[PDB]
**Student:** 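One structure is given below, represented as structure tokens, and several questions about it will come after.
Numbered from 1 within each chain, the chains take letters A, B, ... in sequence-line order.
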Amino acid sequence: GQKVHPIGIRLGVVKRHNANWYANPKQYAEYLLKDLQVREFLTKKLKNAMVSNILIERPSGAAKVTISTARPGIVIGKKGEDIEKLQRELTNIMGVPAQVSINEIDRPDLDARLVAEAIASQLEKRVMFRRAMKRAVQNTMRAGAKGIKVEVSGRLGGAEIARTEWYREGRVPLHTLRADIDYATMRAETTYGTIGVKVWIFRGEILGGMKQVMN
Amino acid sequence: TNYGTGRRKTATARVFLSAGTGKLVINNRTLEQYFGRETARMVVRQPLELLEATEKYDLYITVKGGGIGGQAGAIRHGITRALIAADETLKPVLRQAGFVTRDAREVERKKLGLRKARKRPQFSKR
Amino acid sequence: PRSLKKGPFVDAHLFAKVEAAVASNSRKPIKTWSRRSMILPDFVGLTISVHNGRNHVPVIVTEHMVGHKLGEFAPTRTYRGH
Amino acid sequence: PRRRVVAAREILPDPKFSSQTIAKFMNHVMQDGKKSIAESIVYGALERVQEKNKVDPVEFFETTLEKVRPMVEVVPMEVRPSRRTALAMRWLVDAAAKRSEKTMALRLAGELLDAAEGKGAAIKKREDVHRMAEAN
Amino acid sequence: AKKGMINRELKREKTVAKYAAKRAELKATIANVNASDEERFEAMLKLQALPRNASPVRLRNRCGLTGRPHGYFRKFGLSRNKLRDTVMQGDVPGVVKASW
Amino acid sequence: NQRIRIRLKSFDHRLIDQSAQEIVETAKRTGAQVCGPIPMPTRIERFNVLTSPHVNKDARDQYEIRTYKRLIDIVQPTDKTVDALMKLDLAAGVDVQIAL
RNA sequence: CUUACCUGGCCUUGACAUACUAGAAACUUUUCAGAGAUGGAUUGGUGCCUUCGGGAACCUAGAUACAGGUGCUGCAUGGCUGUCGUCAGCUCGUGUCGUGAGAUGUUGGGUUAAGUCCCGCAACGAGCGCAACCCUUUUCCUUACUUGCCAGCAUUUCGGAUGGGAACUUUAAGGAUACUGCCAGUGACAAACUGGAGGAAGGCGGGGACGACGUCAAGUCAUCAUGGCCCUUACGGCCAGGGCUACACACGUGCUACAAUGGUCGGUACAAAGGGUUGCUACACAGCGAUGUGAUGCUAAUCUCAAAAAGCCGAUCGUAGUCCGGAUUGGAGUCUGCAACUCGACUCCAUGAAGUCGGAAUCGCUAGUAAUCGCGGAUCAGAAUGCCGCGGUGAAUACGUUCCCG
Ligand SMILES: CN(C)[C@@H]1C(=O)C(C(N)=O)=C(O)[C@@]2(O)C(=O)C3=C(O)c4c(O)c(NC(=O)CN5CCCC5)cc(F)c4C[C@H]3C[C@@H]12
Ligand SMILES: [Mg+2]
Ligand SMILES: [Mg+2]
Ligand SMILES: [Mg+2]
Ligand SMILES: [Mg+2]
Ligand SMILES: [Mg+2]
Ligand SMILES: [Mg+2]
Ligand SMILES: [Mg+2]
Ligand SMILES: [Mg+2]
Ligand SMILES: [Mg+2]
Ligand SMILES: [Mg+2]
Ligand SMILES: [Mg+2]
Ligand SMILES: [Mg+2]
Ligand SMILES: [Mg+2]
Ligand SMILES: [Mg+2]
Ligand SMILES: [Mg+2]
Ligand SMILES: [Mg+2]
Ligand SMILES: [Mg+2]
């Protein structure tokens, strides 16, 4: 059978949205499209800055974009020149002034997205998939996650028949709604096609409901 | 003097019960004008009929929501509750009759892939 | 049917051809693609070649035709039985 | 159902004569939820029989149902107490439907009166069932 | 969708924008009672004489990320394929899975 | 005869409640009198989205979005009340409309 | 239009990107030919920064690397989805047993919706699945008192209409409550199951989301992305007409009926959820009518779509292919659209087909369910008998597991 998206099913329960603004029924479509183009532009521009989360807000006739990165210095720039340029481009994409805030990630090994990129880059660089999966699964557990799962699908090693291999340590209770689960997907484009990577990380359970997160 | 609230299938009834002679007004109408189904009138009359207190009280009732049966049931529940408020010693006999309970049955929602809540499209193997 | 308050519809490029033909006395057929134009009294006595999708079919307009659309006299499907 | 004794439903006594027999007969008459029409038909029939002969409506109906009730049905098998009542209630309305009086209530009253004497279509149907029961 | 279809839709939208004002004026003239019948007839002819791509009826809603011409959902301006993916990642504010 | 009407709209009732409570606290501290917040009926918009790309018409996701509304009235306002309300910061996700 | 197909007319570094070279602000007003695509004429203007030497945008002309492809491969793939099936399974550590691969645990008696739980037992214990944590409904409490409410007062054009009240309904956030908690049987003194009091509710209360390990090289290169193979004056791109709506036939899924538990006419009650500013429209007048014109209130618990319909009372029809049924056809109209011939919906007059309850066979449903009645929305200029939702009225029957299917 097919499985529901781990974050979507938790969106209202123990997880927050990545977009937080109000809009009348007429401006909703335009705001959504401009936000999506902003996300595409940031994803392209900041490939090498170890950026996972992008949070967009529109307080009042203005935009605030918060970028979660493991390498804040690369995005910020030596003299802070890069942030001003990023603000100018984001304002050009938007129709209102935009300001950027940076959130440093203290533990890159507990973020599903960064782990996914780490595996995908190696797979493109022709590292054995089992070796990469075991290395990631061990690093996360040593970092302190209660559980992690990795899955890789496609023509592994350039074989004619594609297959799927998965590896897990710890516990990953997907069915428990209040469980805190990080999930991500990434594509690795190789000479023989595309290999898909999926990563689950279980970090513990949230007690108190969505209220404790102060929604 | 005493008050009661009755509910049945999306119908809510406000009942005010006072010591009187037997007048009964619903929504500024009279019982036979408001209900044309005699069974509804008898359902409404059941509570005081049981206690033989028809001529010992007056009733001023407003009702809203639901249909004929729902509104009749809501009025009966409200009159029962007003009688309980007036006197507690009545509650045993009223519970034995069954007027204390609030009927919780409601329409079931239609479900994706189905014609109704449970009814399913006709099936054919070939 | 089109509302009477708006009046009959005729393509202007076909109306100009019709007016020129009636002003002259040229019996040469008028080639058109306007199957949607209304046949007016001024069209009577004229031949209009109406497209059917692959060919233009000639139609000689009589009085009984007035009020019809031009495409009504140019069938678009071929069929001779099963 | 292979694992449960599903309990029998309990239908409220009728709001006029407080009789479950009349309630069940009313439900048998009712089609597609038109309880008001079924109630009118049955209550009019009962009033008509009462006017024609002055007897308690409930007693006459119970007595007639007792006459109309089958004994056994076909290896022959004895039917349980509820099934006989269901069959009699069904056949009474079935015969009333094919009767040819003006309105449904009036023809139901006529059928009940005829069955009480024994010269009725329902009683004849019961006699035919009894005749066929002798096959085994 | 083929890039030609997207370009066709863009061209039609620009054409409608280029003629909105003239179209509105012409239809107002047509609907104007106080004007003479001749002026209204000229207005009708001028209205029919515009390029066809001036008519809004020829615009078709497309996804906005893929150009799909089916399943539009005016509220979001995306088609179902992209809407499902974008909602399930938490990128569309206020939208959650519905149970009642 | 001056009475300030505040209307709040949001897609998150927790955020709307926080904003409304902040408004009431600010008004009470400045010294005016307030009525509310009064909860208005919520709007619920629902959507059905096919989950398969091609042909599975029974495989759908059901989504909803909820618009929550709150109403507050400030009567007998002091001079500092208007300035304090204006200086109050704006929080993303909540729309605030002030009518005088 | 969409549109990928057919006929004919047309362009070629291209409708779309980047790189190089040169000239022009971009733009903008009126014509002519043409079915249009196109082509050729033709008015108005000289913009924003400059260390003003040149630059930004946006156009025109040349050039080649290139663009472009809903063309093939779902059997080369990612992502997504159906199915068994919400079926109850899937496994590890440590121990023991075997030369071994491995085995036990997970098997046996009951019980449960359940590998659910208890019994026994070289097994002792734990993870993913089950269940629970999330949404909604039934009872009650706190906060809130407008645009929603009206029990007591008054004023009333008898309309909560007004002054007023914060009681009640309701709106919507937060809380409480059910736990086999108490009683009698019952079983192994267990688990569990029966029957009682209280309680709005009693033994996972009722529904929704949530899909384990895996199966069918099952579906999708026509949402999208992607390896490889193909076309490049055409398998790319632009346009007007036609087709996707054909019609000796055969199937699946639906609607409407065959009538009296009904049809028609007159009078008169009771909802819930949704939609509305290029929109919904009170009210007046015109029209038999679909609608038209004027005008009013609404960005909405404020105005509005809006008439709920089955129901109740009264009259008539008296079992007839009918005062049942409403197909088809002839006339005459309204609206949306540049445009209703091919090929829209709706209105009025006339017409009045099959159909008398449907063969062998076969489908859904265990309760607020089936059946029956109306109401709303996404798509959308216009175009639902489909789909997704909402409420009104409201049944029958389950002895039981032999037989059929999984
Ligand atoms: C009745 N029908 C729906 C079948 C059915 O019912 C079932 C089922 N499970 O019951 C199904 O399997 C199917 O639907 C299906 O999907 C199949 C395929 O894919 C497939 C295929 O791809 C290739 N591939 C090639 O020949 C490529 N070669 C490379 C070199 C030259 C050619 C060869 C081939 F025989 C097949 C078999 C089909 C069968 C088909
Ligand atoms: Mg409901
Ligand atoms: Mg229903
Ligand atoms: Mg006609
Ligand atoms: Mg493409
Ligand atoms: Mg269209
Ligand atoms: Mg076409
Ligand atoms: Mg396949
Ligand atoms: Mg579960
Ligand atoms: Mg296949
Ligand atoms: Mg296929
Ligand atoms: Mg065309
Ligand atoms: Mg078709
Ligand atoms: Mg009648
Ligand atoms: Mg008729
Ligand atoms: Mg016949
Ligand atoms: Mg069941
Ligand atoms: Mg429409």
Side-chain angles (χ1 to χ4, degrees), chain A residues 1-4 9 13 153-155 160 162 171 175-178 187 189 191-196, chain B residues 3 10 12 14 16 36-37 64-69 71 100-102 104-110 112 117-124, chain C residues 1-3 9 13 32-36 51-54 69 71-72 76-77 79 81-82, chain D residues 1-2 6 27 30-38 41 80 104, chain E residues 2-4 7-8 47-48 50 52 55-58 60 63 66 68-69 72 79 81-82 97 99-100, chain F residues 13 17 35-42 47-48 51-56 59 71:
Chain A
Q2 277 80 65
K3 281 137 201 110
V4 64
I9 198 65
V13 195
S153 324
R155 313 179 49 179
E160 291 292 74
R171 51 187 307 239
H175 283 53
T176 303
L177 300 159
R178 43 160 199 242
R187 293 166 62 93
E189 308 283 13
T191 326
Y192 309 106
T194 309
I195 288 153
Chain B
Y3 171 77
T10 79
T12 315
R14 310 159 60 241
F16 300 76
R37 211 171 155 205
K64 254 194 279 204
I68 281 44
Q71 280 178 346
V100 184
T101 301
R102 200 285 200 198
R105 292 184 290 162
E106 55 151 62
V107 182
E108 201 180 318
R109 64 161 274 190
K110 187 191 167 298
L112 160 73
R118 307 253 193 132
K119 186 221 174 91
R120 207 171 279 285
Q122 190 174 250
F123 165 85
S124 187
Chain C
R2 174 173 183 95
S3 282
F9 172 78
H13 61 70
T32 185
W33 285 263
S34 213
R35 301 176 51 95
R36 62 184 193 181
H51 199 231
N52 68 12
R54 80 221 274 206
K69 299 293 191 91
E72 304 225 57
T76 63
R77 295 201 191 75
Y79 171 77
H82 297 278
Chain D
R2 310 163 99 66
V6 57
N27 290 338
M30 174 175 57
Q31 300 153 210
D32 64 351
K34 315 206 74 190
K35 185 56 131 299
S36 194
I37 282 142
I41 298 158
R80 298 185 326 281
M104 183 75 159
Chain E
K2 300 194 291 174
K3 293 170 62 175
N7 288 117
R8 254 194 244 152
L47 178 69
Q48 296 158 5
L50 305 157
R52 280 195 199 167
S55 196
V57 160
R58 301 160 59 80
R60 181 87 173 201
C63 159
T66 64
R68 214 181 181 252
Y72 176 55
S79 283
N81 285 103
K82 293 294 127 142
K97 290 253 289 176
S99 35
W100 74 98
Chain F
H13 65 89
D17 295 340
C35 311
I38 305 138
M40 296 303 111
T42 295
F47 310 88
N48 300 277
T51 59
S52 189
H54 181 46
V55 281
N56 283 290
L71 174 85

**Student:** Does a side-chain N or O of A/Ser153 approach OP1 or OP2 of G/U77 to a distance below 4.0 Å, or not?
**Tutor:**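 It does not, given that no N or O in the side chain of A/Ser153 lies less than 4.0 Å from OP1 or OP2 of G/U77.
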**Student:** For a quick check, tell me whether the side chain of D/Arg2 and the base of G/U401 share a donor-acceptor pair closer than 3.5 Å.
**Tutor:**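 Counting by modelled atom types and ignoring angles, a donor-acceptor contact under 3.5 Å is found here.
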**Student:** Syn or anti for G/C52? Use the chi torsion, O4'-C1'-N9-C4 for purines and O4'-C1'-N1-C2 for pyrimidines, with syn inside 90° of 0.
**Tutor:**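 Glycosidic conformation of G/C52: syn.
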**Student:** Base, sugar-phosphate alone, or nothing: which one does F/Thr42 contact when heavy atoms must sit under 4.0 Å apart?
**Tutor:**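 F/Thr42: backbone/sugar contact only, no base atoms under 4.0 Å.
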**Student:** Output yes when at least one side-chain N/O atom of E/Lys97 is less than 4.0 Å from OP1 or OP2 of G/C135, else no.
**Tutor:** no
**Student:** Taking any strand in view, what nucleotide pairs with G/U264 in a Watson-Crick or G-U wobble way, both distances under 3.5 Å?
**Tutor:** G/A315
**Student:** Going strictly by the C1'-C2'-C3'-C4' torsion (positive north, negative south), how would you label G/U28?
**Tutor:** north
**Student:** When you check the phosphate oxygens OP1 and OP2 of G/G242, does a side-chain N or O of C/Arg36 lie under 4.0 Å from one of them?
**Tutor:** no
**Student:** At under 4.0 Å, does any side-chain N or O of B/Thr10 touch on OP1 or OP2 of G/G392?
**Tutor:** yes
**Student:** Both distances below 3.5 Å, Watson-Crick or wobble geometry, any strand: find the nucleotide opposite G/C375.
**Tutor:** G/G389
**Student:** Base, sugar-phosphate alone, or nothing: which one does A/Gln2 contact when heavy atoms must sit under 4.0 Å apart?
**Tutor:**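 Base, at least one base heavy atom under 4.0 Å.
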**Student:** Quick one: is G/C270 close enough that its OP1 or OP2 comes under 4.0 Å of any side-chain N or O from B/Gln71?
**Tutor:** no
**Student:** Can you tell me, in whole Å, how much space there is between the P of G/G276 and that of G/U379?
**Tutor:** 10 Å
**Student:** Apply the test side chain to side chain contact (heavy atoms under 4.5 Å, CB included) to residues C/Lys69 and C/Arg35: give CA-CA distance (whole Å), side-chain angles for both, the deciding distance (0.1 Å), then the verdict.
**Tutor:** CA-CA 7 Å; C/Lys69 299 293 191 91; C/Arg35 301 176 51 95; over 6 Å; no
**Student:** How would you label the contact of B/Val107 with the nucleic acid (heavy atoms, under 4.0 Å): base, sugar-phosphate, or nothing?
**Tutor:** sugar-phosphate
**Student:** Reckon E/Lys2 has a side-chain N or O less than 4.0 Å from the OP1 or OP2 of G/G237?
**Tutor:**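 The answer is yes; a side-chain N or O of E/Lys2 sits under 4.0 Å from OP1 or OP2.
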**Student:** May I ask which nucleotide in the shown strands pairs with G/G174, Watson-Crick or G-U wobble, both distances under 3.5 Å?
**Tutor:** G/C141
**Student:** Phosphate oxygens OP1/OP2 of G/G79: is one of them under 4.0 Å from a side-chain N or O of A/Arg187?
**Tutor:**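 Negative; the distance criterion is not met.
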**Student:** Considering only atom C1', compute the distance from G/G68 to G/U12 and round it to an integer number of Å.
**Tutor:** 12 Å
**Student:** Measure the distance between the ring centre of C/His51 and the centre of the six-membered base ring of G/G241, then answer whether it is under 5.5 Å with planes under 30°.
**Tutor:** no
**Student:** Should the sugar of G/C145 be assigned to the north (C3'-endo side) or south (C2'-endo side) class according to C1'-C2'-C3'-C4'?
**Tutor:**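 It's south.
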**Student:** Does G/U215 have its sugar in the north or the south range once you look at the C1'-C2'-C3'-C4' torsion?
**Tutor:** north
**Student:** Which part of the nucleic acid does E/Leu50 contact within heavy-atom distance under 4.0 Å: base, sugar-phosphate only, or nothing?
**Tutor:** nothing
**Student:** Taking only the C1' atom of each, what is the distance from G/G62 to G/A19 in whole angstrom?
**Tutor:**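 Nearest-Å result for G/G62 against G/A19 at atom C1': 15 Å.
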**Student:** Checking only heavy atoms, does the side chain of C/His82 share a donor-acceptor pair with the base of G/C249 at less than 3.5 Å?
**Tutor:** no
**Student:** Under 3.5 Å, is there an N or O donor on one side and an acceptor on the other linking the side chain of E/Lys3 and the base of G/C16?
**Tutor:** yes
**Student:** So what does B/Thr12 touch, heavy atoms closer than 4.0 Å: a base, only the sugar-phosphate, or nothing?
**Tutor:** sugar-phosphate
**Student:** With positive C1'-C2'-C3'-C4' meaning north and negative meaning south, how does G/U46 come out?
**Tutor:** south
**Student:** With a 3.5 Å limit on both atom pairs, tell me what G/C303 is paired to, counting Watson-Crick and G-U wobble, or say none.
**Tutor:** G/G276
**Student:** Just call it for A/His175: base, sugar-phosphate, or nothing, with non-hydrogen atoms closer than 4.0 Å on any strand.
**Tutor:**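 Base: the residue A/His175, judged by heavy atoms under 4.0 Å, touches a nucleobase.
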**Student:** From the list G/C388, G/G82, G/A340, which nucleotide is the closest neighbour of the side chain of C/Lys69?
**Tutor:**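 The answer is G/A340.
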**Student:** What contact category does B/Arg105 fall into here, base, sugar-phosphate, or nothing, at under 4.0 angstrom with non-hydrogen atoms?
**Tutor:** base
**Student:** So, OP1 or OP2 of G/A310: does either fall under 4.0 Å of a side-chain N or O from B/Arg37?
**Tutor:**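 Looking at the OP1 and OP2 atoms of G/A310, neither is under 4.0 Å from any side-chain N or O of B/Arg37.
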**Student:** Answer with base, sugar-phosphate or nothing: what part of the nucleic acid does F/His54 contact at a heavy-atom distance below 4.0 Å?
**Tutor:** sugar-phosphate
**Student:** Answer with base, sugar-phosphate or nothing: what part of the nucleic acid does C/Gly81 contact at a heavy-atom distance below 4.0 Å?
**Tutor:** nothing
**Student:** Please classify the nucleic acid contact of F/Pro37 as base, sugar-phosphate, or nothing, using heavy-atom distances under 4.0 Å.
**Tutor:** sugar-phosphate
**Student:** By the 4.0 Å heavy-atom rule, please label C/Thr32 as base, sugar-phosphate, or nothing.
**Tutor:**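 Touches nothing.
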**Student:** Hey, which of these two, B/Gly66 or C/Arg54, hits RNA chain G nearer its 5' end, going by closest nucleotide?
**Tutor:** C/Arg54
**Student:** Under 4.0 Å between a side-chain N/O of B/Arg118 and OP1 or OP2 of G/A367, yes or no?
**Tutor:** yes
**Student:** OP1 or OP2 of G/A339 sitting under 4.0 Å from any side-chain N/O of C/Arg2?
**Tutor:** yes
**Student:** Just call it for C/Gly53: base, sugar-phosphate, or nothing, with non-hydrogen atoms closer than 4.0 Å on any strand.
**Tutor:** base
**Student:** Using a 4.0 Å heavy-atom cut-off, does C/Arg35 contact any base of the nucleic acid, only the sugar-phosphate backbone, or nothing at all?
**Tutor:** base
**Student:** With a 3.5 angstrom cut-off on both distances, give the Watson-Crick or G-U wobble partner of G/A200, or none if there isn't one.
**Tutor:** none
**Student:** Please state whether the phosphate of G/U226, meaning OP1 or OP2, lies under 4.0 angstrom from any side-chain nitrogen or oxygen of A/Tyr192.
**Tutor:**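 No, no such contact exists.
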**Student:** With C1' as the reference atom in both, quote the distance from G/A173 to G/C270 in angstrom, rounded to an integer.
**Tutor:** 32 Å
**Student:** Has E/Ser55 got a side-chain N or O lying under 4.0 Å from the OP1 or OP2 atom of G/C338?
**Tutor:** yes
**Student:** Taking only N and O in the side chain of B/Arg120, is any of them less than 4.0 Å away from OP1 or OP2 of G/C363?
**Tutor:** no
**Student:** Starting from the 5' end of RNA chain G, give me the residue, E/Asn7 or D/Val6, whose nearest nucleotide shows up first.
**Tutor:** E/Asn7
**Student:** Below 4.0 angstrom from OP1 or OP2 of G/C390, is there any side-chain N or O of E/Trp100?
**Tutor:** yes
**Student:** Side chain of E/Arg68, backbone of E/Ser79: donor and acceptor closer than 3.5 Å?
**Tutor:**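 Not a single qualifying donor-acceptor pair exists.
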**Student:** What nucleic acid atoms does B/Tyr3 come within less than 4.0 Å of, heavy atoms only: base, sugar-phosphate, or nothing?
**Tutor:**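 Sugar-phosphate contact only - B/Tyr3 comes under 4.0 Å of backbone atoms but never of a base.
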**Student:** Is any N or O donor-acceptor pair between the side chain of A/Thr194 and the base of G/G78 shorter than 3.5 Å?
**Tutor:** no
**Student:** With a 3.5 Å cut-off and just heavy-atom distances, do the side chain of D/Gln31 and the base of G/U261 make a donor-acceptor pair?
**Tutor:** yes
